[PDB]
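In what follows, a structure is listed as structure tokens, so that the remarks can point back to it.
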Amino acid sequence: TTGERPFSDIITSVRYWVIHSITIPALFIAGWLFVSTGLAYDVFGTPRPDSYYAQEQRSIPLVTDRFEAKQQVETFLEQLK
Amino acid sequence: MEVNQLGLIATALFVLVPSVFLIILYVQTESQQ
Amino acid sequence: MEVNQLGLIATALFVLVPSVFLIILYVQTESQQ
Amino acid sequence: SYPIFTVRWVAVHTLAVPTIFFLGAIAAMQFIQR
Amino acid sequence: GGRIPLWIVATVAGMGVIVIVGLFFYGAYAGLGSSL
Amino acid sequence: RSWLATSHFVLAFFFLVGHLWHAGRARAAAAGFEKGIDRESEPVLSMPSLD
Amino acid sequence: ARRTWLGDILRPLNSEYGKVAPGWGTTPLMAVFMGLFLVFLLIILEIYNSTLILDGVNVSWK
Amino acid sequence: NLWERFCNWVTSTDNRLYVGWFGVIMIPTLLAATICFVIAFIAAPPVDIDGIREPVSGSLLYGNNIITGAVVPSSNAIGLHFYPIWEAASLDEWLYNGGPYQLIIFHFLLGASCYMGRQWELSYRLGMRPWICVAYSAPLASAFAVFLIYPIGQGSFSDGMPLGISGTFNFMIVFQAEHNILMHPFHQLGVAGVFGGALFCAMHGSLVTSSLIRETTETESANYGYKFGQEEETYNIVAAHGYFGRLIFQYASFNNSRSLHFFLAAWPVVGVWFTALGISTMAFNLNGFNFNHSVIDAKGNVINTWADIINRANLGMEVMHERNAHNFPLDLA
Amino acid sequence: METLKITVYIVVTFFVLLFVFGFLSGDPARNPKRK
Amino acid sequence: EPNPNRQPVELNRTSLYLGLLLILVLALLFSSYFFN
Amino acid sequence: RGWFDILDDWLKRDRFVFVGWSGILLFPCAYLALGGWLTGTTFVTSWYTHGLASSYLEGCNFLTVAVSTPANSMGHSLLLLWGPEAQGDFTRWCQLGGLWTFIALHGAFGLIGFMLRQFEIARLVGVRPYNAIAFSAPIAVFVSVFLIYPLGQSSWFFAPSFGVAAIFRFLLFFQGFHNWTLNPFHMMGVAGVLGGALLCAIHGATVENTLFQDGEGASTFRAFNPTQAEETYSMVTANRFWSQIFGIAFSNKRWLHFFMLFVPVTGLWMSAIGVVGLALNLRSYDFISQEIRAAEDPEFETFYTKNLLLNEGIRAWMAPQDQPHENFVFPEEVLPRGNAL
Amino acid sequence: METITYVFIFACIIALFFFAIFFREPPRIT
Amino acid sequence: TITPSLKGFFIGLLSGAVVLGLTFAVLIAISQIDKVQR
Amino acid sequence: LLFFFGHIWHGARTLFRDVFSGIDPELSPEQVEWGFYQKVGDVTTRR
Amino acid sequence: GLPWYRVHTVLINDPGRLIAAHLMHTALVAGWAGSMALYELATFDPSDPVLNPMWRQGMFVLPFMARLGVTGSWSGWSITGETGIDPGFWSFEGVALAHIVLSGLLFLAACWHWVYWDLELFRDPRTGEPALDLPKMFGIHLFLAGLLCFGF
Amino acid sequence: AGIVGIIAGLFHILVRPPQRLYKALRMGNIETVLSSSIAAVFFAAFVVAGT
Ligand code: CLA
Ligand code: CLA
Ligand code: CLA
Ligand code: CLA
Ligand SMILES: CC1=C(/C=C/C(C)=C/C=C/C(C)=C/C=C/C=C(C)/C=C/C=C(C)/C=C/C2=C(C)C[C@@H](O)CC2(C)C)C(C)(C)CCC1
Ligand SMILES: CC1=C(/C=C/C(C)=C/C=C/C(C)=C/C=C/C=C(C)/C=C/C=C(C)/C=C/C2=C(C)CCCC2(C)C)C(C)(C)CCC1
Ligand SMILES: CC1=C(/C=C/C(C)=C/C=C/C(C)=C/C=C/C=C(C)/C=C/C=C(C)/C=C/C2=C(C)CCCC2(C)C)C(C)(C)CCC1
Ligand SMILES: CCCCCCCCCCCCO[C@@H]1O[C@H](CO)[C@@H](O[C@H]2O[C@H](CO)[C@@H](O)[C@H](O)[C@H]2O)[C@H](O)[C@H]1O
Ligand SMILES: CCCCCCCCCCCCO[C@@H]1O[C@H](CO)[C@@H](O[C@H]2O[C@H](CO)[C@@H](O)[C@H](O)[C@H]2O)[C@H](O)[C@H]1O
Ligand SMILES: CCCCCCCCCCCCCCCC(=O)O
Ligand SMILES: [Cl-]
Ligand SMILES: [Cl-]
Ligand SMILES: [Fe+2]
């Protein structure tokens, strides 16, 4: 009623699936490779399963200063994660 | 001063109940015509 | 029980003042015609 | 007849493209071992 | 227009959703966050 | 025991709900007003007021 | 209505009801002043919040 | 005929309050439960709920207020045993062991079930459709879950919900400690049901109030623009549908009032159905999701989650609840 | 206690019989349309 | 000269019942905290 | 016409998705808040702010993921990406909890944009703006809980983290530390929410069970016409039914629907007031007379005193891990616990 | 005096229940 | 003097100005292109 | 907080003064239906 | 008729009675300030400013008087602990008395403006309808507020 | 701020509002003054609570 093609007309068209059988798997593969290559860990700073603790430590790398919190995180990561 | 604690509530009700009774009667009198 | 002594007067006025306000308004509404 | 790229197209794709990307990411996460 | 029936589209999309959610539950039982 | 007891309490409660649904609907359909109130013959309009 | 001495004196201050400037008037100037005020509020908020740290401005009881 | 006259009176639609046969059961049981509840809430002596000879005071005369007062559940020594007045040697023994709780809850459950039946009965007598009682079955199932089914599963009416405000809070906290109800999907469905019920209640009210047709002045209340029994609709559903369809998008808006009101009926009723079933299924100790120590790093160190913080809070409640009643390490029931 | 037991049993039996025989007394016919 | 903006005020019985219920229930809720 | 009028005409055009002037504030902020929550719960850890795993990448599920609050040492910092804490480092910004402040601020301005959208659409279609007035209660709840409450406390750390199990932690924290169930403002909130659910269910069932027969089909949904002038259900029959069942009944439809507006909105507003009181730690924690009696009499026991013992357990057993910045080391012998368990 | 206050408020609520049920404004069809 | 936080504040102010200006420029351009036929 | 609600209420009362006794009883269905007007609520944009 | 929650809407097109209502509210607030100061003065203990200061004694309006320069009392004590200081008229008691007197005067002015609501100043001199030029009112009040802020 | 308020007060005494802002903000209605004043008042209330 608003001047756009109805969704039923679009998603049942062959042209839509010609486009989207390429675009949708490409985005799925992109996200899969974003995780599986480890780029997500680097982008977001999420610890790997071997990166929560140093080998013999059981304390938690908690930031305790507001303005050197970036330096505290870098120091924690420098300690073999 | 060691006064009766029920003194406050007694005086308050002694003022309030007859006063609001009279106010009820006056306001309903004014709304009649 | 060691309750607050102003509790009684607080609760009593909390009841009475809006209640008598509504009663005033209702009774003056009924006397209109 | 009908225009292809509209406001509705933009809203739909700004919701759908990151959704499929994130679904692929989480599907990859399901096979991560510690 | 309508050269692919909408019931086929809905069935395939629902089966894909089912596959994805079942994969998520399998990953709840395997790998990270499986307590093992 | 936990699985059987929990599952059959869920099923028994939902079947009580279904019994209520179908018993009311069977009564209304036998009495002839399961599809709603007839506008021309509304029963409450033929009843005296409560007050 | 009652005319009074003070009412007669204050009368011109209440005689332009409904008078407007044509069109948009001084609205862009008002918008510039509103933007400057928003920037000023952001500045003082960030100073109090210690997001904006200025030299010689120690936000504490000192 | 006297019996025919009594039947005509019982089923009469001209009584100010409809009785019906569900009412001839409902009225005595609810009156008994109400009278016993008022008397116990005001003046009952302390009740040994845990069965450990440590009586809990619940009435106003014994040091409680409105918030802290309760009718305390019957003794754990009683368990699931039926404890009427005549099974006690004296009324003092009956009051010590929590007999008023059993009397009140049994009479209330019977009366509320007959309230549901009475709702059906009046709907049938008035020529209505009959499913208001189906909607009422959700709070009734909730009451049965907290007063009957949870005691049955746990094996004692002492674990039923106390008839009071702070006692209810105690029931909630101990339930979270022992069953992790927050992590149970049925309770999450119930929270969705009540939050959505409040949301859709406010939404429907605001949309109908928004689209009220002008029949009054600014002086008078808008409610006087409606007259009881008028045929014409008091609001413009087309305008409200246009507003809501522009608010989100058009096909998310109900244009059918019957479909909209069915949705309003169905959402909280189904949600509360599921949360009552949650309480019953946790009464048979099928508890909420346990994700304690689920996330494990490469070496094997436990990486805590928010579920572990919940577990710490649950441990605090667990070790502190009924502090004298346990002799053995596991709280099996 | 024994007198109270028989008294409560009599009262409950009376009300239950009222319920049962009331719903056995042509209850479907007590509707505004069919009968 | 009478003020022309005067208006009659009305409170129906239903509004009285609702307001009394609100006041009494609020008092019953807050009385325990007032006594403390 | 002028650029302003042409732009206003474009913004108010009828589309599948209405935009409006309020859209410029709403759609960016709301989209960014939702995308930030999904991005955080999918990829971002809480290891440096809380010592918790809170993302799908770390192995958490939907119930246990959260965008956690910043660390307590950050205080009430806005934690801007260009701010002095992150200094433009996106990775450090994510690790320091900047996504929480991102979501909270973008959500607040998105809610403002949504209420402005309600006002704008109500003005455009010519209806009264009661939906925006009703939506003031969720805005009050969000502002009191996510903004006013941490501002009253020491830092953003004690605000709710955007997650399911994190919100459950927030509930249990309020029970243990504030006795939030005993607060009469929360009681009014519970009354409003449950009464709104009751009113929704009861009004829907009443309408569906007093419908007029306007069709021959057994499924009655077809019998309604959107443009019809007549009421689709019998108000007189519904009024008589509830008058004879419950004693009282609605007789004014407009009052009924205003009441449906009024109950949950008032409940949520009262709960927001109580949350502000808890922001200043002004709790309804204890009844003083009961404390005095229970202190001087070791046989006086109520459910309230039992709840206090439960709160002591909650605080002692959750404080070392829920508040890691305090460095709480509670030895085993100081932990309150009952016999056995 | 606190118990008397609670019972008095409760009794006023029950009296209001009675008056709201049996002495209501009678709904009149129009 | 220009502290690092003052430079950061100017960066944030410029980013906000650029985002707002780009948004309104795009919206104005689209409004001028796709007009209304009165 | 309460004055935030007051501001919302009084702003609504000011901007919607023409409709606060109720919406127009002769409100056209074309006004709220989709596609009848190019621009929402503007009669001059009839399509 | 008007519902209860709309009674004050009779003041919307009556500027004189609106001024009377504002004057009554101002009298009530000033009277509250005076009576609150008097109650606090009746309950205040000034003997130990070190371990029993005003914020330990629940003093609410006393710190606001102390903030802007009122430190002494007519009883000869001061909140700073010094002795022998003369506060002049503007002690705490003097401020409270000034507020009570101001409350009474505003009450009288409210009565006058309620009775004499129909003033030619409050009417449009072109249509004879009650009208307030709100933009110029804001200009005048903003000028006065700026003068008072600059003076303060 | 007192000097700025004096200058702005002189401006608002001497300069009439634009027709666009007069119509948009309903400057003939005293309730718009009530709405904006309540807005500024709650802003100041939040500020004093914070400080
Ligand atoms: C009486 C019913 C019943 C009971 C008690 C059990 C019990 C069990 N099954 Mg089983 N099962 C059932 C029916 C039942 N099943 C059916 C019908 C199927 C066919 C699909 C299966 C297929 C099946 C498999 C393939 C497996 C089990 C397994 C198991 C064991 C663990 C289950 C588990 O982890 O739960 C998981 C819990 C859930 C999935 C929760 C389900 C919640 C549902 C959706 C609620 C529905 C509510 C209501 C009905 C909906 C009404 C809506 C309302 C509006 C009306 C347990 C002994 C496992 C096992 O250990 O085998 C050895 C296993 O591998 N079952
Ligand atoms: C219109 C929608 C909108 C709104 C209201 C906001 C609002 C906000 N964003 Mg946001 N954002 C948006 C869209 C929006 N965003 C978009 C589309 C993106 C994607 C690009 C982002 C990406 C983003 C990030 C990455 C971050 C924010 C942040 C913030 C918060 C602080 C921003 C700040 O202090 O700058 C204030 C700046 C202004 C108000 C602009 C001033 C404009 C006036 C006219 C002055 C202009 C002066 C002059 C012309 C030029 C400058 C002079 C020069 C000397 C510098 C704030 C709540 C931060 C945050 O959430 O912190 C936790 C943050 O880190 N935003
Ligand atoms: C400067 C503040 C201010 C002013 C001048 C007004 C003025 C007005 N409001 Mg309003 N309002 C305000 C703040 C304000 N409001 C706030 C903060 C809220 C949110 C709570 C509201 C919510 C509100 C609603 C919902 C409505 C109004 C209405 C009205 C109009 C009629 C009022 C009436 O007859 O009440 C009569 C009131 C009574 C007879 C009794 C009220 C008693 C209250 C409930 C409790 C007692 C309060 C106590 C005496 C004062 C404490 C002081 C406090 C500030 C600390 C009037 C123009 C009405 C309207 O628009 O009419 C068309 C209307 O429906 N207001
Ligand atoms: C001759 C006038 C006068 C004087 C000298 C005082 C003096 C005093 N009053 Mg007072 N008062 C007055 C009139 C006066 N009053 C009137 C008429 C009323 C009734 C409304 C009151 C009601 C009152 C109360 C209720 C209280 C006082 C209190 C006080 C004392 C502390 C003052 C304080 O903290 O102010 C604080 C003042 C402000 C923070 C002013 C806020 C100004 C806002 C921000 C302006 C915002 C709008 C503005 C137009 C924005 C544009 C600005 C522009 C320049 C750009 C002080 C002794 C206090 C006390 O200790 O009582 C014993 C107290 O609690 N007064
Ligand atoms: C118009 C209008 C309104 C009123 C608006 C009003 C009252 C506006 C007032 C605006 C004001 C006072 C704005 C002030 C702005 C000040 C600014 C931007 C100052 C910037 C200073 C800078 C960048 C200084 C930086 C530096 C520092 C700190 C250290 C130095 O070493 C180096 C340097 C110079 C770079 C209402 C109330 C919003 C209603 C609607 C209509
Ligand atoms: C932060 C940030 C940002 C942003 C970004 C964004 C905006 C993003 C987005 C994102 C997104 C937007 C994403 C999405 C996602 C999604 C997902 C991941 C989904 C999933 C799903 C599923 C899984 C499903 C489910 C379901 C339901 C819900 C219910 C029932 C059924 C089912 C199961 C089907 C920016 C750059 C600006 C800046 C910087 C920062
Ligand atoms: C309860 C409460 C409340 C409220 C309160 C209020 C609102 C109060 C008020 C108060 C007030 C409002 C007060 C007032 C007072 C006043 C006064 C006390 C006055 C006096 C005066 C005088 C005495 C005067 C005199 C005179 C005259 C008349 C003339 C001239 C001369 C002279 C001066 C002699 C609140 C909500 C907060 C919370 C809760 C609680
Ligand atoms: C194998 C042996 C089986 C023996 C029976 C087993 C138990 C079943 C007992 C059923 C008896 C109930 O009997 C029932 O009584 C009432 C009271 O007179 C009869 O009479 C009733 O008729 C009409 C409508 O039916 C009512 O309006 C009227 O008030 C009432 O008198 C019913 O028509 C009859 O059905
Ligand atoms: C301690 C608590 C004390 C609480 C005090 C509460 C005060 C409340 C006072 C309410 C006063 C209402 O004001 C009263 O309204 C009615 C109508 O509403 C007015 O009455 C006016 O209208 C009616 C109705 O057309 C006419 O019959 C009447 O001739 C006319 O004067 C009265 O002239 C006025 O006195
Ligand atoms: C309406 C306000 C809009 C908000 C502004 C959006 C800002 C997004 C981009 C910020 C990036 C700047 C930080 C980089 C700092 C640097 O290292 O130079
Ligand atoms: Cl316990
Ligand atoms: Cl044991
Ligand atoms: Fe409705």
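A note on labels: chains of the structure tokens are A, B, ... as shown, every chain counts residues from 1, and ligands are counted from 1 in their shown order.
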After a least-squares superposition on chain B over all sequentially paired C-alpha atoms, what is chain C as an mmCIF file with N, CA, C and O atoms, in the first residue's frame?
```cif
data_model
loop_
_atom_site.group_PDB
_atom_site.id
_atom_site.type_symbol
_atom_site.label_atom_id
_atom_site.label_comp_id
_atom_site.auth_asym_id
_atom_site.auth_seq_id
_atom_site.Cartn_x
_atom_site.Cartn_y
_atom_site.Cartn_z
ATOM 1 N N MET C 1 9.580 17.804 77.856
ATOM 2 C CA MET C 1 8.372 17.621 78.653
ATOM 3 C C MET C 1 7.744 16.259 78.376
ATOM 4 O O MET C 1 7.587 15.861 77.223
ATOM 5 N N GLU C 2 7.384 15.548 79.445
ATOM 6 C CA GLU C 2 6.808 14.206 79.338
ATOM 7 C C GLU C 2 5.287 14.317 79.248
ATOM 8 O O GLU C 2 4.553 14.087 80.209
ATOM 9 N N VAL C 3 4.814 14.677 78.056
ATOM 10 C CA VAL C 3 3.386 14.826 77.790
ATOM 11 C C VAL C 3 2.764 13.477 77.448
ATOM 12 O O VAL C 3 3.474 12.484 77.254
ATOM 13 N N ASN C 4 1.435 13.434 77.385
ATOM 14 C CA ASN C 4 0.726 12.258 76.900
ATOM 15 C C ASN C 4 0.918 12.129 75.392
ATOM 16 O O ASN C 4 0.729 13.097 74.649
ATOM 17 N N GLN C 5 1.300 10.929 74.944
ATOM 18 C CA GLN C 5 1.560 10.715 73.521
ATOM 19 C C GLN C 5 0.268 10.686 72.711
ATOM 20 O O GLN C 5 0.242 11.146 71.563
ATOM 21 N N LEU C 6 -0.814 10.159 73.286
ATOM 22 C CA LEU C 6 -2.108 10.213 72.611
ATOM 23 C C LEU C 6 -2.686 11.622 72.572
ATOM 24 O O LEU C 6 -3.718 11.829 71.932
ATOM 25 N N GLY C 7 -2.081 12.572 73.283
ATOM 26 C CA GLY C 7 -2.476 13.967 73.235
ATOM 27 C C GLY C 7 -2.532 14.571 71.847
ATOM 28 O O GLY C 7 -3.505 15.251 71.502
ATOM 29 N N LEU C 8 -1.480 14.336 71.053
ATOM 30 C CA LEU C 8 -1.415 14.855 69.690
ATOM 31 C C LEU C 8 -2.567 14.338 68.833
ATOM 32 O O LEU C 8 -3.266 15.121 68.185
ATOM 33 N N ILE C 9 -2.771 13.015 68.813
ATOM 34 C CA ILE C 9 -3.825 12.432 67.980
ATOM 35 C C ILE C 9 -5.208 12.837 68.490
ATOM 36 O O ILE C 9 -6.119 13.096 67.693
ATOM 37 N N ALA C 10 -5.386 12.920 69.816
ATOM 38 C CA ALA C 10 -6.653 13.355 70.399
ATOM 39 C C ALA C 10 -7.011 14.768 69.960
ATOM 40 O O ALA C 10 -8.116 15.017 69.470
ATOM 41 N N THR C 11 -6.071 15.700 70.134
ATOM 42 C CA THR C 11 -6.268 17.086 69.722
ATOM 43 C C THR C 11 -6.490 17.197 68.217
ATOM 44 O O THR C 11 -7.348 17.959 67.759
ATOM 45 N N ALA C 12 -5.712 16.442 67.436
ATOM 46 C CA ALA C 12 -5.812 16.496 65.983
ATOM 47 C C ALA C 12 -7.179 16.028 65.495
ATOM 48 O O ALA C 12 -7.814 16.700 64.680
ATOM 49 N N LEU C 13 -7.648 14.877 65.987
ATOM 50 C CA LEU C 13 -8.970 14.387 65.604
ATOM 51 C C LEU C 13 -10.078 15.288 66.141
ATOM 52 O O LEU C 13 -11.072 15.538 65.444
ATOM 53 N N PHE C 14 -9.911 15.788 67.376
ATOM 54 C CA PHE C 14 -10.835 16.742 67.984
ATOM 55 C C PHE C 14 -10.995 17.985 67.124
ATOM 56 O O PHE C 14 -12.087 18.556 67.041
ATOM 57 N N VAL C 15 -9.915 18.426 66.488
ATOM 58 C CA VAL C 15 -10.038 19.508 65.523
ATOM 59 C C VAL C 15 -10.720 19.013 64.258
ATOM 60 O O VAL C 15 -11.774 19.527 63.873
ATOM 61 N N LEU C 16 -10.164 17.965 63.640
ATOM 62 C CA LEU C 16 -10.455 17.672 62.240
ATOM 63 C C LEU C 16 -11.882 17.185 62.037
ATOM 64 O O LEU C 16 -12.591 17.705 61.171
ATOM 65 N N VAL C 17 -12.327 16.208 62.840
ATOM 66 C CA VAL C 17 -13.585 15.509 62.537
ATOM 67 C C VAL C 17 -14.805 16.433 62.559
ATOM 68 O O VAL C 17 -15.540 16.463 61.556
ATOM 69 N N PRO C 18 -15.055 17.241 63.606
ATOM 70 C CA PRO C 18 -16.173 18.194 63.484
ATOM 71 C C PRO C 18 -15.913 19.295 62.472
ATOM 72 O O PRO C 18 -16.862 19.768 61.834
ATOM 73 N N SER C 19 -14.654 19.717 62.307
ATOM 74 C CA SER C 19 -14.330 20.735 61.311
ATOM 75 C C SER C 19 -14.635 20.250 59.903
ATOM 76 O O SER C 19 -15.275 20.960 59.125
ATOM 77 N N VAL C 20 -14.167 19.047 59.548
ATOM 78 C CA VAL C 20 -14.450 18.529 58.212
ATOM 79 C C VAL C 20 -15.936 18.238 58.055
ATOM 80 O O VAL C 20 -16.477 18.355 56.956
ATOM 81 N N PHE C 21 -16.618 17.863 59.145
ATOM 82 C CA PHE C 21 -18.073 17.700 59.100
ATOM 83 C C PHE C 21 -18.771 19.000 58.700
ATOM 84 O O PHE C 21 -19.612 19.024 57.786
ATOM 85 N N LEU C 22 -18.406 20.099 59.365
ATOM 86 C CA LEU C 22 -18.960 21.410 59.038
ATOM 87 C C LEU C 22 -18.573 21.856 57.634
ATOM 88 O O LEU C 22 -19.369 22.497 56.941
ATOM 89 N N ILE C 23 -17.339 21.563 57.215
ATOM 90 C CA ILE C 23 -16.892 21.923 55.870
ATOM 91 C C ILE C 23 -17.689 21.159 54.816
ATOM 92 O O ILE C 23 -18.099 21.731 53.800
ATOM 93 N N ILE C 24 -17.918 19.858 55.048
ATOM 94 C CA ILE C 24 -18.755 19.045 54.165
ATOM 95 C C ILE C 24 -20.126 19.680 54.019
ATOM 96 O O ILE C 24 -20.614 19.903 52.903
ATOM 97 N N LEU C 25 -20.742 20.027 55.157
ATOM 98 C CA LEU C 25 -22.083 20.603 55.133
ATOM 99 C C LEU C 25 -22.118 21.963 54.442
ATOM 100 O O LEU C 25 -23.039 22.237 53.663
ATOM 101 N N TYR C 26 -21.109 22.806 54.668
ATOM 102 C CA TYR C 26 -21.097 24.125 54.042
ATOM 103 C C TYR C 26 -20.890 24.026 52.537
ATOM 104 O O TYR C 26 -21.574 24.706 51.762
ATOM 105 N N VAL C 27 -19.936 23.198 52.108
ATOM 106 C CA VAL C 27 -19.622 23.089 50.687
ATOM 107 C C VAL C 27 -20.794 22.473 49.931
ATOM 108 O O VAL C 27 -21.135 22.915 48.827
ATOM 109 N N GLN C 28 -21.458 21.472 50.521
ATOM 110 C CA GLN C 28 -22.660 20.961 49.870
ATOM 111 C C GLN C 28 -23.810 21.961 49.909
ATOM 112 O O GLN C 28 -24.677 21.911 49.033
ATOM 113 N N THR C 29 -23.847 22.857 50.900
ATOM 114 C CA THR C 29 -24.857 23.911 50.884
ATOM 115 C C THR C 29 -24.613 24.890 49.741
ATOM 116 O O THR C 29 -25.558 25.318 49.070
ATOM 117 N N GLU C 30 -23.347 25.239 49.497
ATOM 118 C CA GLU C 30 -23.023 26.214 48.457
ATOM 119 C C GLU C 30 -23.310 25.684 47.056
ATOM 120 O O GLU C 30 -23.648 26.466 46.163
ATOM 121 N N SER C 31 -23.194 24.375 46.846
ATOM 122 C CA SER C 31 -23.413 23.785 45.536
ATOM 123 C C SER C 31 -24.889 23.579 45.218
ATOM 124 O O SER C 31 -25.213 23.154 44.104
ATOM 125 N N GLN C 32 -25.784 23.864 46.158
ATOM 126 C CA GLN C 32 -27.211 23.805 45.889
ATOM 127 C C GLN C 32 -27.693 25.094 45.240
ATOM 128 O O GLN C 32 -27.325 26.197 45.655
ATOM 129 N N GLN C 33 -28.547 24.943 44.230
ATOM 130 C CA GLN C 33 -29.317 26.050 43.665
ATOM 131 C C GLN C 33 -30.455 25.491 42.826
ATOM 132 O O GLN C 33 -30.218 24.841 41.810
#
```
I need the residues of chain E that end up classed as helix (DSSP H, G or I) by DSSP on the backbone, written out as a short mmCIF file (atom, residue, chain, number, x, y, z; two decimals) with N, CA and C atoms, in the first residue's frame.
```
data_model
loop_
_atom_site.label_atom_id
_atom_site.label_comp_id
_atom_site.auth_asym_id
_atom_site.auth_seq_id
_atom_site.Cartn_x
_atom_site.Cartn_y
_atom_site.Cartn_z
N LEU E 6 5.94 -19.83 -2.33
CA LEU E 6 6.26 -19.27 -1.02
C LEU E 6 6.33 -20.34 0.06
N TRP E 7 5.58 -21.44 -0.10
CA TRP E 7 5.66 -22.52 0.88
C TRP E 7 7.02 -23.20 0.84
N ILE E 8 7.61 -23.32 -0.35
CA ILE E 8 8.96 -23.86 -0.47
C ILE E 8 9.97 -22.93 0.20
N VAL E 9 9.82 -21.61 -0.02
CA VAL E 9 10.72 -20.63 0.59
C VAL E 9 10.63 -20.69 2.11
N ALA E 10 9.40 -20.74 2.63
CA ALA E 10 9.19 -20.81 4.07
C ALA E 10 9.73 -22.11 4.65
N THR E 11 9.51 -23.23 3.96
CA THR E 11 10.01 -24.52 4.43
C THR E 11 11.54 -24.55 4.47
N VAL E 12 12.19 -24.05 3.42
CA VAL E 12 13.65 -24.05 3.37
C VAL E 12 14.23 -23.10 4.42
N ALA E 13 13.64 -21.91 4.57
CA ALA E 13 14.11 -20.97 5.58
C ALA E 13 13.93 -21.51 6.99
N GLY E 14 12.79 -22.15 7.26
CA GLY E 14 12.57 -22.75 8.56
C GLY E 14 13.51 -23.90 8.85
N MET E 15 13.79 -24.72 7.83
CA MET E 15 14.75 -25.81 8.00
C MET E 15 16.16 -25.27 8.26
N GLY E 16 16.52 -24.17 7.59
CA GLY E 16 17.81 -23.54 7.88
C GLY E 16 17.90 -22.99 9.29
N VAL E 17 16.81 -22.37 9.77
CA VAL E 17 16.76 -21.89 11.15
C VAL E 17 16.89 -23.05 12.13
N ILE E 18 16.19 -24.16 11.85
CA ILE E 18 16.26 -25.35 12.69
C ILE E 18 17.68 -25.91 12.73
N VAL E 19 18.34 -25.96 11.57
CA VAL E 19 19.72 -26.45 11.49
C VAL E 19 20.66 -25.56 12.30
N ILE E 20 20.49 -24.24 12.19
CA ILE E 20 21.36 -23.31 12.92
C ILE E 20 21.17 -23.44 14.43
N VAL E 21 19.92 -23.52 14.89
CA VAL E 21 19.66 -23.63 16.33
C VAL E 21 20.12 -24.98 16.87
N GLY E 22 19.94 -26.05 16.08
CA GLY E 22 20.45 -27.35 16.49
C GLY E 22 21.96 -27.38 16.57
N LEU E 23 22.63 -26.67 15.66
CA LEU E 23 24.07 -26.51 15.73
C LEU E 23 24.47 -25.76 17.00
N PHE E 24 23.69 -24.75 17.38
CA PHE E 24 23.98 -24.01 18.61
C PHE E 24 23.84 -24.89 19.84
N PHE E 25 22.82 -25.76 19.87
CA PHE E 25 22.69 -26.68 21.00
C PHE E 25 23.79 -27.74 21.01
N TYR E 26 24.19 -28.22 19.83
CA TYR E 26 25.32 -29.14 19.76
C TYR E 26 26.59 -28.50 20.30
N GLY E 27 26.82 -27.23 19.96
CA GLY E 27 27.93 -26.49 20.53
C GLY E 27 27.77 -26.19 22.00
N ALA E 28 26.53 -26.18 22.51
CA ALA E 28 26.36 -26.16 23.95
C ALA E 28 26.86 -27.46 24.58
N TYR E 29 26.80 -28.56 23.83
CA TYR E 29 27.32 -29.81 24.36
C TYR E 29 28.76 -30.12 23.96
#
```
